[PDB]
Amino acid sequence: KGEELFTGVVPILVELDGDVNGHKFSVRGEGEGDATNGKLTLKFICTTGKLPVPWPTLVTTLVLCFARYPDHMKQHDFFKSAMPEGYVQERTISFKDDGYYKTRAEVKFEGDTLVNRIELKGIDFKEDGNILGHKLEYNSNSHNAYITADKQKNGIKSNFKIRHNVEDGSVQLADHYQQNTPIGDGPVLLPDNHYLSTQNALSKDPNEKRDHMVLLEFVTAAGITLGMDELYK
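Residues numbered from 1 in each chain as written, not as in the entry; some residues may be left out. Heavy atoms only, no water. Residues with missing side-chain atoms left out of burial classes, pairs and counts.

The deposited coordinates for this entry were obtained by X-ray crystallography, with a reported resolution of 1.5500 Å.

Given below as structure tokens:
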């Protein structure tokens, strides 16, 4: 079924339209995903000029179908099971002592390309806070995010805390509440409780004048006891 679409390297397109305290922006990303290795490589451009929020605060918004699920966990991979029809991914991201993002994305195949199309609205931010004031370091801590099935909506949900490094040495909490539900009507896998382990490397393209982010990301599923029965099938 859907997971057969990810056995090779798959081109990715990301399109985001954002509006944070009335500061509007657009981001376009392109690259490729290698779910066999759990690997994503993308370059993102702010096509509207200057990004009015820090690039790290957008990493989680800017394709969990590229996670590497170990063989003994292939039956808990909701994200690939919804493909190619796709899923809707919705989040509220509450920054502590600051504003919040609300995001709605559609992740689905358009032709041969896996497309992530996002609408983001940000509200109640401090114009001199860590977000609109650009006081966050250009990096992304490694992080584990717990997945649970949402049977009553036929999808998954997850809540997790992102800890952004502030340039003074403090930490800015971004509390994520996330919900995913399939777009099509076909069968989806509802996972047992598990987590995704994520690492992110952020860099710059020397030849790129525009405001941009080069991202390498690894996502690997874990947390389901690989017992001795699975070692004999």
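Next, the rest of the story.
Participant: Explain the overall build of the protein to me, using residue names and the numbers behind them.
Facilitator: When its secondary structure is counted, the protein shows 1 helix and 11 strands. Counting from the amino terminus, the protein carries its helices and strands in the arrangement β-β-β-α-β-β-β-β-β-β-β-β. By the compact-globule yardstick of 17 Å for 233 residues, the protein fits well, its C-alpha radius of gyration being 18 Å. Overall, the C-alpha framework of the protein stretches about 55 × 35 × 30 Å when taken along its three principal axes. (Helix = DSSP H or I, 4+ residues; strand = E, 2+ residues; numbered from the N terminus. Rg over C-alpha atoms; globule rule 2.2 N^0.38 Å.)

Participant: Quick one: what's the story with the pairing of strand β10 (residues 194–203), residue by residue and with numbers?
Facilitator: The sheet contact formed by strand β7 (residues 143–150) and β10 spans 5 bridges and is antiparallel. What sits directly across from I147, in β10, is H194. Pairing analysis gives 9 bridges linking β10 to strand β11 (residues 212–222), with the strands arranged antiparallel. In the sheet register, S203 faces β11, and the bridge partner there is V214. (Pairing = 2+ DSSP bridges.)

Participant: Now, about empty space enclosed by the protein: what can you tell me, with residues and values included?
Facilitator: Reported here for the second largest cavity is a volume of approximately 30 Å³. Around the second largest cavity, the lining residues are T60, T61, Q89, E90, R91, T103 and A105. Of all elements in the fold, only β4 (87–95) and β5 (100–110) reach the threshold of two or more residues within the lining of the second largest cavity. At 3 residues, the largest contribution of residues to the lining of the second largest cavity is made by β4. (1 Å grid on protein atoms, 1.4 Å probe; cavity = no way out; pocket = protein on both sides within 12 Å on 5 of 7 lines; lining within 4 Å. Points joined across faces, edges and corners; volume = space filled by probe spheres on them.)

Participant: Before we move on, can you summarise the nonpolar core with the specific residues and values?
Facilitator: With 59 residues, the main nonpolar core has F25, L58, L62, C65, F66, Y101 and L114 as its most contacted residues. Take this core: its biggest share by element is 5 residues, from strand β1 (residues 9–20). Setting aside anything within four residues of it in sequence, one finds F66 in contact with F6, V10, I12, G33, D34, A35, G38, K39, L40, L114 and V219. (Core = buried A, V, L, I, M, F, W, Y, C linked by side-chain atoms within 4.5 Å. Buried < 20%, exposed > 50% of the residue type's maximum accessible area, 1.4 Å probe, protein only. Contact = heavy atoms within 4.5 Å.)

Participant: Any chance you could break down the packing of aromatic side chains for me, citing the residues and the numbers?
Facilitator: Tallied over the full model, the rule gives 8 aromatic pairs. Between the aromatic rings of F6 and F66, the centroid separation amounts to 5.3 Å while the plane-to-plane angle is 80°, which identifies the pairing as edge-to-face. The same class applies to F6 and to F66, which are both buried. Consider the rings of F95 and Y101, whose centres lie 4.9 Å apart with planes at 75°: the pair is edge-to-face. Like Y101, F95 is buried. (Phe/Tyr/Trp six-rings, centres within 6.5 Å; stacked < 30°, edge-to-face > 60°.)

Participant: Describe the pairing of β11, naming the residues involved and giving the relevant values.
Facilitator: Here strand β3 (residues 39–46) runs beside β11; their pairing, made up of 7 bridges, is antiparallel. Note on β11: the bridge partner recorded for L40 is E217.

Participant: Can you break down the side chain of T198 residue by residue, with the values?
Facilitator: Relative to the helices and strands, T198 is located in strand β10. On the accessibility criterion, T198 (15% relative accessible area) is buried. Sequence-distant contacts of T198, that is, excluding residues within four places in its chain, are made with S142, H143, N144, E217, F218 and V219.

Participant: Any details on the pattern of salt bridges? Residues and values, ideally.
Facilitator: This structure, assessed with the given rule, holds 12 salt bridges. With a shortest N-O distance of 2.8 Å, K121 and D19 are connected by a salt bridge. A residue is classified by how much of its surface remains accessible, and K121, at 32% relative accessible area, is partly exposed. (Salt bridge = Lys/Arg side-chain N within 4 Å of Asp/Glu carboxyl O.)

Participant: Tell me about the layout of surface pockets, and please be specific about residues and values.
Facilitator: Considered as a void within the structure, the largest pocket measures approximately 190 Å³ in volume. Lining the largest pocket are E3, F6, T7, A35, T36, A67, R68, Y69, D71, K74, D77 and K80. Split into classes, the residues belonging to the lining of the largest pocket amount to 4 nonpolar, 2 polar and 6 charged. (Nonpolar A, V, L, I, M, F, W, Y, C, P; charged D, E, K, R; others polar.)

Participant: Residues and numbers for the sheet that holds β10, please.
Facilitator: If you trace the 11 strands once around the closed barrel, you get β1-β2-β3-β11-β10-β7-β8-β9-β4-β5-β6, paired in mixed fashion. The average angle at which neighbouring strand axes cross in this sheet is 20°, direction not considered. Here 3 bridges tie β7 to strand β8 (residues 155–165), and the two strands are oriented antiparallel to one another. Note on β8: the bridge partner recorded for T148 is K157. (Axes fitted to C-alpha atoms, helices over the stretch in contact; angles between N-to-C directions.)

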